[PDB]
Amino acid sequence: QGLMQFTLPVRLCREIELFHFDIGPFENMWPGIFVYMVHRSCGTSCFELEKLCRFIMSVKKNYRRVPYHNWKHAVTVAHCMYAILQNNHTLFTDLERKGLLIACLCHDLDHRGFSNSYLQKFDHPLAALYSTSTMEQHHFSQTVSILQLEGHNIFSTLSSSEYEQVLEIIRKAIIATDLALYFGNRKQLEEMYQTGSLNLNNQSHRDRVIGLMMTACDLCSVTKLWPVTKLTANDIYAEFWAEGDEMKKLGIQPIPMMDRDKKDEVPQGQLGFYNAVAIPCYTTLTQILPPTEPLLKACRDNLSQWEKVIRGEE
Ligand SMILES: Cc1nn(-c2ccc(Cl)cc2)c2sc(C(=O)NC[C@H]3CCCO3)cc12
Ligand SMILES: [Mg+2]
Ligand SMILES: [Zn+2]
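All the letters of the sequence shown, read from the start, carry residue numbers 457 to 770 under the deposited numbering.
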């Protein structure tokens, strides 16, 4: 180091601070963007540059060449977290800031572009190993593995205590990314919020809130500018439809969302998702963390665009 501040071009330097920032098509800039974010979010001091770079590069290696659940997604998810963190400065511990960005970069490690359901149906070994939140348990495993590679311990300066804590933040963060788990998490959060029992001092409560953050960051493509949103959806469905094909191969009619023959149903399917998942998520998040409100606003914006698609206004 250490007088070695990462910098971005002006337009990026500015726009990176906003929720709706798109990380762009230049793959080779993404590590730098992450490092920037970490340094800004955490400090230049939180990690050994050399170690961090090495870690980042290995993580990258371990993301596959799938249409959606790839390295770009990783970095995209991290950036939304960075925005949250940066707009809610004083709310988060030092350990949290460290762990959370890392969690996000690692949260879909070695993803195959297939759902937990498919894995179960196919009878994949991972399904036997991990009976719930299959892929998520895997992602965490892979994170630990990489952390354990020579010269990849970015956590090396932390005490034994602090280290166990950070890894525990990360584990919970990653597990939260299991959407099946989101619904109940949010319901509880909403109830607490409303009955005024929510208490950020209660770890158990903090956990929940971090969970929701996770989901939020994870779905952040719904919070982009429309053409980004629109184009990312293509990627999302490319995976769904491939899975659909695989379901059919196992002799199972897939859900229509995964049936490429039922493309026509996409817009309506987006509507449901926005309504059932996305909108509530950002709403409760805004309740708990008011400065995250732009995420809710952008989501609503995108809902409306899907309404327009349906009305053939595009
Ligand atoms: C519709 C739909 N749109 N998206 C979506 C949109 C935007 C982002 Cl940014 C991320 C996701 C999802 S994720 C999901 C889901 O996971 N369903 C679970 C189902 C499948 C397999 C069996 O159970 C269903 C949808
Ligand atoms: Mg995932
Ligand atoms: Zn993800």
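Just so it is clear, CB atoms sit at the ideal spot from N, CA and C, and this is done for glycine as well.
{"Item": "Start and end residues, alpha helix (DSSP H) containing residue 742", "Value": "735 to 744"}
{"Item": "Euclidean distance between Cα positions of residue 471 and residue 657", "Value": "33 Å"}
{"Item": "Runs of alpha helix (DSSP H) wholly within the stretch 465 to 534 (minimum 4 residues, chain order)", "Value": "466 to 471, 486 to 497, 505 to 517"}
{"Item": "beta-carbon residue 671 near ligand 3 non-hydrogen atom, thresh 7 Å", "Value": "no"}
{"Item": "Where residue 660 falls, given that 16 or more other Cβ within 10 Å makes a residue buried", "Value": "exposed"}
{"Item": "Validate contact between the stretch 689 to 704 and the stretch 550 to 564 using beta carbons, cut 8 Å, 3 pairs", "Value": "no"}
{"Item": "Spatial distance of residue 668 from residue 640 (CA atoms)", "Value": "11 Å"}
{"Item": "Per-residue DSSP class, three states only, for residue 632", "Value": "coil"}
{"Item": "Same chain, Cβ closer than 8 Å to residue 541, five either side skipped, listed in chain order", "Value": "497, 548, 553, 556, 557"}
{"Item": "Near ligand 1: residue 457 beta-carbon under 7 Å from a heavy atom", "Value": "no"}
{"Item": "CA-to-CA distance, residue 572 to residue 579, given in whole angstroms", "Value": "10 Å"}
{"Item": "C-beta contact flag for residue 727 and residue 741 at 8 Å", "Value": "no"}
{"Item": "With 16 other Cβ atoms within 10 Å as the buried cut-off, status of residue 707", "Value": "exposed"}
{"Item": "Residue 597 (DSSP reduced to helix, strand or coil)", "Value": "helix"}
{"Item": "Euclidean distance between Cα positions of residue 612 and residue 600", "Value": "13 Å"}
{"Item": "CA-to-CA distance, residue 653 to residue 765, given in whole angstroms", "Value": "41 Å"}
{"Item": "Residue 713 versus residue 494 - alpha carbon distance", "Value": "36 Å"}
{"Item": "Residue 631 Cβ short of 7 Å to ligand 1 heavy atom set", "Value": "no"}
{"Item": "Given residue 459 as reference, the closest of 499, 724, 583 once Cα atoms are compared", "Value": "499"}
{"Item": "Coarse secondary structure for residue 799, derived from DSSP in three states", "Value": "Beyond the ends of the chain as shown, which are 457 and 770, falls residue 799; an answer cannot be given."}
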